[PDB]
Amino acid sequence: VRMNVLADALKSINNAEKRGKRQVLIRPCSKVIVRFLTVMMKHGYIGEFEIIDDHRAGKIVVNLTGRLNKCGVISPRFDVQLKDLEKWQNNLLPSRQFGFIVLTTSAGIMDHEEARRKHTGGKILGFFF
Amino acid sequence: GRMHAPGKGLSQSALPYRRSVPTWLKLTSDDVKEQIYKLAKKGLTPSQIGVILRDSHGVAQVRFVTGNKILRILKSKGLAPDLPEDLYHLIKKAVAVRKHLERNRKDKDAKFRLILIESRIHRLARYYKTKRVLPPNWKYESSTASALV
Amino acid sequence: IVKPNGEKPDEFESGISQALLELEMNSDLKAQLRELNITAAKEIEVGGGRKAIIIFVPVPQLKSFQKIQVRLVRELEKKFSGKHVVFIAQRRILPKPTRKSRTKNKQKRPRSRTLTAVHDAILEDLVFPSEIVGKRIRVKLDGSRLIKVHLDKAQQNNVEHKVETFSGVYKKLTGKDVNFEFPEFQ
Amino acid sequence: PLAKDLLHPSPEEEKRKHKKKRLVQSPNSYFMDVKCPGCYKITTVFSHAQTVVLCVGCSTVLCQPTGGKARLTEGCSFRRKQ
Amino acid sequence: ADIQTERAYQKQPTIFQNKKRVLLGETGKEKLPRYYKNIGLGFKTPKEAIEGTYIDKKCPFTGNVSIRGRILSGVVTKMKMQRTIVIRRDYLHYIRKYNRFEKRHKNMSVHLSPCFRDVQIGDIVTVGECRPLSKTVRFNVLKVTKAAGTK
RNA sequence: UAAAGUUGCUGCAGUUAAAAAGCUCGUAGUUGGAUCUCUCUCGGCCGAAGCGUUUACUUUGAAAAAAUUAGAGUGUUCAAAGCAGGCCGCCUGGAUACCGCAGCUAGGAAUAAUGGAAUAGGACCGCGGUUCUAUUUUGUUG
Ligand SMILES: [Mg+2]
Ligand SMILES: [Mg+2]
Ligand SMILES: [Mg+2]
Ligand SMILES: [Mg+2]
Ligand SMILES: [Mg+2]
Ligand SMILES: [Mg+2]
Ligand SMILES: [Mg+2]
Ligand SMILES: [Mg+2]
Ligand SMILES: [Mg+2]
Ligand SMILES: [Mg+2]
Ligand SMILES: [Mg+2]
């Protein structure tokens with residue numbers, strides 16, 4: 001059965017971007033998905049998206065700009081401390097000039113640079129570059 | 001897909017977006033409640049009550065009109081089945097297959113289907129035990145299966 | 001007529017109560033508003049130099065209000081000149097349960113008394129003459145949102161001019177930007 | 001393909017799609033107002049009715065169950081509600 | 001409830017029960033005074049222990065035991081011995097090579113006082129460390145909390 | 001030991017190179033869909049008290065042998081070392097970090113479990129009752 005809706009959303013947007021499409025629809029949606037899409041927003045990788053309210057679970061129509069190389073999930077959602085963040089970004093990111101690791105800390109959902117700024121660790125969700 | 005069959009079908013009801021009662025529906029919540037009560041006295045499960053109300057009396061969702069689901073309505077006033085209707089129907093099916101089997105001993109498809117039905121019955125019974133609908137000592141027995149139904 | 005929860009009626013509440021009494025004196029629907037009992041009222045600037053009236057109808061009496069809402073609204077529009085009037089039920093948002101709290105709640109917070117549910121019901125009552133056919137939340141590049149509401153066309157005109165009044169009301173009592181449009185068909 | 005607006009589906013292809021596969025799922029059924037040949041008074045009937053709907057004000061059978069949409073009795077007229 | 005079921009006479013050692021009493025003060029029985037102590041760490045004394053009549057020298061409230069050291073919690077799994085039960089403690093053990101946990105458990109035999117009645121298989125017990133009470137018992141049940149779906 | 005991504009957690013393979021059980025059911029195990037934005041009392045506005053369901057997680061603080069490792073200073077003639085040394089009696093070291101896991105500690109509340117009313121075996125206000133009981137009574141005694 002379907003588990004970890006975030007993985008399905010990220011796979012759908014990744015496959016749509018590999019195919020060159022300008023919009024992708026993701027279903028089901030979630031608050032975790034929306035926060036991940038917003039952190040992807042603030043760095044210019046995705047573009048504007050819109051939530052459709054079906055009374056069961058919303059859908060998301062995501063506009064796509066060709067700037068997205070990869071976006072994926074890391075399951076299981078392992079706990080990451082400040083010390084191990086360097087190892088995680090060395091493993092996942094393609095460079096130190098660009099790319100982001102997304103994590104849930106008690107401060108919210110954000111990229112690894114903001115987590116370094118706020119001096120908080122958490123649980124890894126995924127990555128995009 | 002199906003729990004006990006290879007098939008993976010997509011066939012179900014699609015409730016509409018609007019949760020408001022239609023204007024043409026002149027029935028009140030109390031009228032729907034009394035209709036439900038007398039239908040239960042006639043000896044129908046909540047499923048049949050919903051089908052009859054939808055087909056003849058023009059109500060789409062009883063929960064939509066009365067703000068409450070059918071089984072909760074029946075249990076609230078008192079006349080509700082001792083064990084849940086889906087479990088009852090599963091037990092009835094198992095009893096029927098067993099009755100067919102005891103005379104047709106050579107049937108091997110019936111034995112397999114019976115085992116599948118018993119597995120479904122056990123899963124449902126354990127779920128209902130965890131939700132305290134059934135007493136913890138409640139167990140499925142082939143000898144008393146016909147007695148239960 | 002007004003029965004505030006805080007039992008501190010004000011000038012505009014008194015005006016609304018006396019207006020409702022005058023309706024109970026010279027409008028065949030008197031027998032309805034003699035039983036009914038509003039709780040609060042407010043006047044808020046909406047568009048440029050325009051204003052709108054919000055009446056905080058009690059929740060258990062909401063449907064009885066909605067029975068004759070159209071007549072009440074038209075009569076108050078006549079009495080108040082160009083002053084749009086909207087009836088919104090008064091709903092309590094219990095605080096979200098937090099690990100740093102106390103005995104304020106010995107029972108779990110009901111889902112009806114929640115911020116999201118309260119806001120949805122507020123919008124539904126705000127557009128009562130129409131029906132919410134659809135809802136679409138758009139998230140902009142700056143992180144801001146926009147709730148675009150698809151209303152029935154059956155009853156367009158009735159609230160077609162009332163556009164930007166619901167938006168101002170919602171921006172006031174909710175703080176969220178909302179736009180209204182009518183789909184071509186369903 | 002490529003640049004196809006999923007936000008603004010066209011009504012014809014939205015009806016073309018499966019009921020559960022639309023932007024928002026909308027059932028394909030409806031409620032009908034059925035008038036008997038002789039009885040003056042109408043009855044509310046489900047389009048995909050699974051029960052033999054009897055005239056509440058007579059003995060006439062209004063519709064017969066089928067695989068999909070219920071079959072109205074010959075002569076019994078009907079109008080779509082809403 | 002008769003409390004004399006052993007070969008020896010059961011009695012709280014601190015209480016003196018043979019104080020001379022004149023016939024003018026012989027209104028039935030003297031209502032034998034009960035010895036009980038308040039164990040610290042913010043644990044309330046059960047009313048049963050105060051108003052009871054059981055004799056239990058291992059009782060944290062009416063016996064000769066001191067609560068000290070570790071305070072733990074468990075789920076009651078078996079109650080087939082006299083005045084002592086078997087509880088289960090579950091935890092996750094981390095494995096660093098895989099960065100992953102594994103579910104582990106260990107049983108513990110803990111003394112249960114007669115002051116805790118209506119203890120069922122499944123409730124939570126807060127136990128506290130004490131001196132060795134038997135070969136395998138080193139804890140005493142200090143608090144009982146019912147299961148999530150009790151009547 | 002690395003090379004060995006030829007033990008694969010990172011990170012391997014199973015159509016034909018070695019490889020998916022003949023098929024289904026099924027206990028344990030593993031995984032599991034949306035959804036919910038601190039106060040009343042005590043002591044000098046604070047210090048106190050609970051308890052917010054409990055955590056996991058994350059950050060901090062404390063406690064944690066020396067040697068070894070990392071590392072600061074220091075021309076052993078250089079270096080591996082050592083913990084010495086420097087100035088014309090004085091001057092100055094003998095640092096710091098790290099130390100899984102479990103156990104203590106205090107912030108955060110996203111994520112993930114868990115509960116809170118549906119025989120009302122409900123919350124809050126006042127009521128009334130039932131019972132037992134500690135002391136007020138009160139220069140004193142009594
Ligand atoms: Mg299966
Ligand atoms: Mg090797
Ligand atoms: Mg290598
Ligand atoms: Mg190989
Ligand atoms: Mg081969
Ligand atoms: Mg095979
Ligand atoms: Mg299993
Ligand atoms: Mg989930
Ligand atoms: Mg050391
Ligand atoms: Mg060294
Ligand atoms: Mg530690």
Side-chain angles (χ1 to χ4, degrees), chain A residues 1-6 8 27-33 35-36 53-59 74-85 87-88 90-92 102-110 115 118-125, chain B residues 3-6 68-69 71-72 75-76 78 111-120 122-123 126 132, chain C residues 93-119 175, chain E residues 42 51 69-73 91-103 124 126 145-151:
Chain A
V1 283
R2 163 192 273 119
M3 311 142 183
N4 187 279
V5 187
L6 181 70
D8 297 5
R27 61 153 271 268
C29 123
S30 106
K31 67 174 68 139
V32 172
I33 283 182
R35 291 317 231 276
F36 202 111
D53 179 328
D54 203 338
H55 276 310
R56 305 102 168 119
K59 314 193 174 198
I74 291 293
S75 167
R77 317 234 263 239
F78 305 94
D79 38 53
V80 191
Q81 309 197 26
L82 256 296
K83 322 171 310 306
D84 326 303
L85 197 46
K87 275 141 178 36
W88 269 108
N90 260 51
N91 268 325
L92 296 181
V102 172
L103 275 66
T104 57
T105 65
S106 298
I109 294 197
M110 68 193 88
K118 300 185 163 194
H119 195 71
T120 77
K123 277 140 181 291
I124 188 175
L125 289 183
Chain B
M3 188 213 261
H4 273 353
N68 207 265
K69 260 145 25 171
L71 186 58
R72 280 175 179 168
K75 157 199 78 80
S76 191
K111 188 178 187 176
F112 178 79
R113 304 305 159 170
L114 174 62
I115 295 167
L116 295 205
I117 296 170
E118 317 264 54
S119 322
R120 268 197 248 99
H122 288 112
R123 285 145 155 255
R126 146 161 56 106
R132 270 172 293 277
Chain C
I93 297 169
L94 306 184
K96 183 178 179 180
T98 308
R99 307 131 165 283
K100 48 176 185 39
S101 90
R102 208 196 195 199
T103 70
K104 321 183 231 255
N105 40 325
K106 270 321 172 251
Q107 327 257 17
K108 63 183 319 223
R109 182 175 53 158
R111 309 282 202 119
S112 34
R113 280 96 170 163
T114 299
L115 200 147
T116 61
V118 157
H119 286 206
Chain E
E51 309 170 14
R70 300 204 192 273
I71 281 84
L72 311 169
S73 325
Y91 55 95
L92 297 166
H93 178 237
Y94 184 66
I95 306 293
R96 214 209 308 150
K97 170 162 172 169
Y98 304 96
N99 321 121
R100 303 199 209 260
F101 302 88
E102 41 166 333
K103 204 147 307 169
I124 316 288
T126 300
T145 131
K146 269 309 155 203
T150 60
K151 195 62 76 224

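Hydrogens, waters and symmetry mates are skipped; everything else that's a heavy atom, side chains included, is used. Lettering of chains follows the sequences in order, A, B, ..., and the numbering in each one begins at 1.
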At 4.0 Å (heavy atoms only), tell me whether A:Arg27 reaches a base, stays on the sugar-phosphate, or touches nothing. nothing
Is there a side-chain contact between E:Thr126 and E:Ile71 in this structure, where contact means two heavy atoms from C-beta onward sitting under 4.5 Å apart? yes
Distance in angstrom units between E:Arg100 CZ and F:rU31 P, rounded: 10 Å
Once you apply a heavy-atom cut-off of 4.0 Å, does E:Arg70 come out as touching a base, just sugar-phosphate, or nothing? sugar-phosphate
Pairwise side-chain contact, C:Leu115 with C:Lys96, heavy-atom cut-off 4.5 Å (strictly under): no
Which atoms form the tightest heavy-atom contact between A:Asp53 and A:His55, and what is the distance? OD1-N, 3.8 Å
Check every strand shown and say whether A:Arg77 touches a base, only sugar-phosphate, or nothing at a heavy-atom separation below 4.0 Å. sugar-phosphate
Taking only side-chain N and O atoms of B:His4, does any of them lie within less than 4.0 angstrom of OP1 or OP2 on F:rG26? yes
Hey, do F:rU6 and F:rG11 pair up, Watson-Crick or G-U wobble, with both distances short of 3.5 Å? no
For the pair A:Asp8 and A:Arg2, evaluate salt bridge (charged side-chain N to carboxylate O under 4.0 Å, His left out) and give the outcome as yes or no after the intermediate values. CA-CA 8 Å; A:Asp8 297 5; A:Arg2 163 192 273 119; 3.2 Å; yes
Nearest of F:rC25, F:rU111, F:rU58 to any side-chain atom of B:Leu116? F:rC25
Residue-phosphate contact under 4.0 Å: A:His119 side-chain N/O, F:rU60 OP1/OP2: yes
Regarding the side chain of E:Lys151, the nearest nucleotide among F:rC36, F:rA110, F:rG121 is F:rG121
Side-chain donor/acceptor of C:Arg99 to base of F:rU53, under 3.5 Å: no
Under 4.0 Å, heavy atoms only, any strand: does A:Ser30 hit a base, just the sugar-phosphate, or nothing? sugar-phosphate
Looking at the strand neighbours F:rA112 and F:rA113, are the centres of their six-membered rings under 5.5 angstrom apart while the planes meet at under 30 degrees? yes
Could you check which of F:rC9, F:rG122, F:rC36 has an atom nearest any side-chain atom of C:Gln107? F:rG122
Checking F:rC38, F:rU58, F:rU30 against the side chain of C:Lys100 (C-beta onward), the nearest is F:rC38
Both distances under 3.5 Å, Watson-Crick or G-U wobble: does F:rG50 pair with F:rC38? yes
For F:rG100, is chi within 90° of 0 (syn) or not (anti)? syn
Using a cut-off of 4.0 Å on non-hydrogen atoms, how would the nucleic acid contact of A:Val1 be classed: base, sugar-phosphate, or nothing? nothing
Under 4.0 Å, heavy atoms only, any strand: does C:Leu115 hit a base, just the sugar-phosphate, or nothing? base
Compare all side-chain heavy atoms of A:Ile109 with those of A:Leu103 and state whether any distance is below 4.5 angstrom. no
So which one's nearest nucleotide on RNA chain F is more toward 5', C:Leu94 or A:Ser106? C:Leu94
Which is true for E:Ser73 with a 4.0 Å heavy-atom rule: it touches a base, it touches only sugar-phosphate, or it touches nothing? nothing
Taking centres under 5.5 Å and planes under 30° as the test, is F:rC23 stacked with F:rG22? yes
Scan A:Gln81 against the nucleic acid and name what it touches under 4.0 Å (heavy atoms): base, sugar-phosphate only, or nothing. sugar-phosphate
F:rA19: pucker by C1'-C2'-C3'-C4' torsion sign, positive meaning north and negative south, is south
Which pair of heavy atoms, one from A:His119 and one from A:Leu82, lies closest together, and at what distance? C-CD2, 4.2 Å
Stacked, yes or no: F:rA66 with F:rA67, six-ring centres under 5.5 Å, planes under 30°? yes
Where the chi angle of F:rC101 falls, syn if within 90° of 0 and anti if not: syn
Under a 3.5 Å limit on both distances, do F:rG115 and F:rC101 form a Watson-Crick or G-U wobble pair? no
Give the C-alpha distance, both sets of side-chain angles, the deciding distance and a yes or no for side-chain contact (heavy atoms from CB on, under 4.5 Å) between A:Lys59 and A:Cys29. CA-CA 5 Å; A:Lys59 314 193 174 198; A:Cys29 123; 6.0 Å; no
Nearest heavy atom decides the nucleotide; on that basis, is A:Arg56 or A:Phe78 closer to the 5' end of RNA chain F? A:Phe78
Look at the side chain of C:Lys106 and decide which nucleotide, out of F:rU37, F:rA123, F:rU39, has an atom nearest to it. F:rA123
With positive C1'-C2'-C3'-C4' meaning north and negative meaning south, how does F:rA4 come out? south
With north meaning a positive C1'-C2'-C3'-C4' (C3'-endo side) and south a negative one (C2'-endo side), sort F:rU76 into one of the two. south
Between F:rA84 and F:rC83, is the stacking condition met, i.e. ring centres under 5.5 Å and planes under 30 degrees? no
Distance check: side-chain N/O of C:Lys104 vs OP1/OP2 of F:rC40, anything under 4.0 Å? no
Indicate, with a heavy-atom threshold strictly under 4.0 Å, whether B:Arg123 touches base, sugar-phosphate, or nothing. sugar-phosphate
Options F:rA110, F:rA117, F:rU59, nucleotide nearest the side-chain atoms of A:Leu82: F:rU59
Are OP1 or OP2 of F:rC40 and a side-chain N or O of C:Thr103 less than 4.0 angstrom apart? no
Does the side chain of B:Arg126 get closer than 4.0 angstrom to OP1 or OP2 of F:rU27 through an N or O atom? yes
Check whether the six-membered base rings of F:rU15 and F:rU16 have centres under 5.5 Å apart and planes under 30 degrees, and report yes or no. yes
Given F:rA110, F:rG116, F:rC9, which nucleotide is nearest the side-chain atoms of E:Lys97? F:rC9
With a non-hydrogen cut-off below 4.0 angstrom, is C:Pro110 in contact with a base, only sugar-phosphate, or nothing? base
So does B:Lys111 have more than 12 non-hydrogen atoms from other groups sitting under 6.0 Å from NZ? no
Touch class at under 4.0 angstrom, heavy-atom based, for E:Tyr91 against every strand present: nothing
Output the distance between atom CD1 (A:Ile124) and atom CG (A:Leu85), rounded to the nearest 0.5 Å. 8.0 Å
The side chain of A:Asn91 lies closest to which of these nucleotides: F:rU37, F:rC9, F:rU10? F:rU10
What pucker does F:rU138 have, north or south, from the sign of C1'-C2'-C3'-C4'? south
To the side chain of C:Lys96, which of F:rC36, F:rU58, F:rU119 is closest? F:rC36
Take atom NZ of B:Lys69 and atom P of F:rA118, then tell me their distance rounded to the nearest Å. 16 Å
Is there a Watson-Crick or G-U wobble pair formed by F:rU74 and F:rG82, both distances less than 3.5 Å? yes
G-U wobble or Watson-Crick pair formed by F:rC40 and F:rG93 (both under 3.5 Å): no
Side-chain heavy-atom pair C:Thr114, C:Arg109 within 4.5 angstrom cut-off: yes
Determine the sugar pucker of F:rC127: a positive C1'-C2'-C3'-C4' angle counts as north, a negative one as south. north
Base of F:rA120 relative to its sugar, syn (within 90° of 0) or anti? syn
Closest of F:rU31, F:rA109, F:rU111 to the A:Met3 side chain is F:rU31
Tell me if F:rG47 and F:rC42 are paired here, counting Watson-Crick or G-U wobble when both donor-acceptor distances sit under 3.5 Å. yes
